[PDB]
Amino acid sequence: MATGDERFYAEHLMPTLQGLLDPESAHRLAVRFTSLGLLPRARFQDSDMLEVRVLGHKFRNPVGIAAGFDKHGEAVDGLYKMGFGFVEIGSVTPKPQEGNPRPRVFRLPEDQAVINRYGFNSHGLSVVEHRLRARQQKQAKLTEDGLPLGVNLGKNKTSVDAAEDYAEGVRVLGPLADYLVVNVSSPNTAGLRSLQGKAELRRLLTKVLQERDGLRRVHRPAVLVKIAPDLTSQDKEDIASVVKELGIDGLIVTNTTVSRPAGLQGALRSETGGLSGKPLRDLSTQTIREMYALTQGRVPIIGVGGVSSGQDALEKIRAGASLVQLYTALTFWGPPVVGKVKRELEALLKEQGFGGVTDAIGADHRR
């Protein structure tokens, strides 16, 4: 019906449909089509070389969908069908909220970048809870079969106590997640990034971990903190210190950037919001490299930001990522980008003498 070529989607289908629809409508349609399974079932069969064991789980391949694509947990099964080794939904806030006024998402095709200022539009914990409960046992089997689920938590715009927002997310969605993400790095909620500060972070994560440890064993997720690419060296040292002090299970590195790298060409480069895609790529990779060294390679990292190829994935893995995610590449290349990243990553691992993804994790640090 629509299956299923790399060049066709990249050269013809995606540029045409982008020319027809504003970015938010395009996203909604993508979510709808994905959730109905109106995609080719990915033809790439994952080799054993791509398997990774981390965070108390087996991951059939190390390529996941980043938070923000499926904010409300509507397309999880369709995303596994697309070939992702793991799915992260969210960010989800405790109460439903509409997010920022439109327009709030912008394409920069000359930069293969996106700028967004959604501001945590979210159906809320209760809606997402029911959505996930309706397939909880199916997810238990997928997880067992190497396809884990992450749930990314945010906070409401008008909440007084941020820590109580994240605590409520742990209590409600923690029992449905293989891992939870404390998202303290959205650039689109006022004051949120200040929660990355040493004292605020320590207090917030102590409470998050207390809540998590009170869940029954079979419903007890790993806890990860998702961080910005715009941190000072001091901020990064402080995060690494808190992570090790508290026994945080992992880091997601990185969210979108509020910087605007010299050289951006897109007409919309000066829109407010987080920048994603290719201009973020090496900034994200360098942040992974730093965080890996500061945590002595002992804290699993999910690397994210501008991944659109096997080389992009492998650079992050060698810099210290155990797993990678992508989002923005999907908006330019479409669904075929997933098999593309996996096939190229496998070829490059073979070319560089690695036995598998596991041998490559942090390899640059051992040179």
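Numbers follow the displayed sequence, beginning with 1. Rigid core (definition): largest C-alpha set, two forms, superposition within 1.5 Å.
Trainee: Quick one: with the core lined up, is it 36 to 44 or 327 to 335 that wanders further in 8 other deposited structures of this protein, going by C-alpha RMS?
Mentor: Greater root mean square C-alpha distance in 8 other deposited structures of this protein: 36 to 44.
Trainee: Looking at C-alpha RMS in 8 other deposited structures of this protein with the core superposed, is it 287 to 295 or 197 to 205 that drifts more?
Mentor: It is 197 to 205 whose C-alphas lie farther from the shown form in 8 other deposited structures of this protein.
Trainee: Pick between 129 to 137 and 185 to 193: the one whose mean CA B-factor in the entry is higher.
Mentor: Between 129 to 137 and 185 to 193, it is 185 to 193.
Trainee: Could you check which stretch, 354 to 362 or 5 to 13, carries the larger mean CA temperature factor in the entry?
Mentor: So the stretch with the higher mean C-alpha B-factor is 5 to 13.
Trainee: Quick one: which of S322, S47, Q325, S309 has the biggest Cα B-factor according to the entry?
Mentor: Highest C-alpha B-factor among the listed residues goes to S47.
Trainee: Kindly indicate the residue among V304, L330, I65, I317 with the greatest C-alpha B-factor in the PDB record.
Mentor: So the option with the highest C-alpha B-factor is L330.
Trainee: Where does the C-alpha B-factor of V338 rank in its chain, lowest, middle or highest third?
Mentor: Middle third.
Trainee: Is the Cα B-factor recorded for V299 in the lowest, middle or highest third of its chain?
Mentor: It falls in the middle third of the chain.
Trainee: What third of its chain, lowest, middle or highest, does the C-alpha temperature factor of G124 fall into?
Mentor: Bottom third by C-alpha B-factor.
Trainee: Pull the Cα B-factor of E144 out of the PDB entry and bin it into the chain's lowest, middle or highest third.
Mentor: Highest third of the chain for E144's C-alpha B-factor.
Trainee: Lowest, middle or highest third: where is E88 by C-alpha B factor in its chain?
Mentor: Its C-alpha B-factor, which the entry lists for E88, ranks in the lowest third among residues of this chain.
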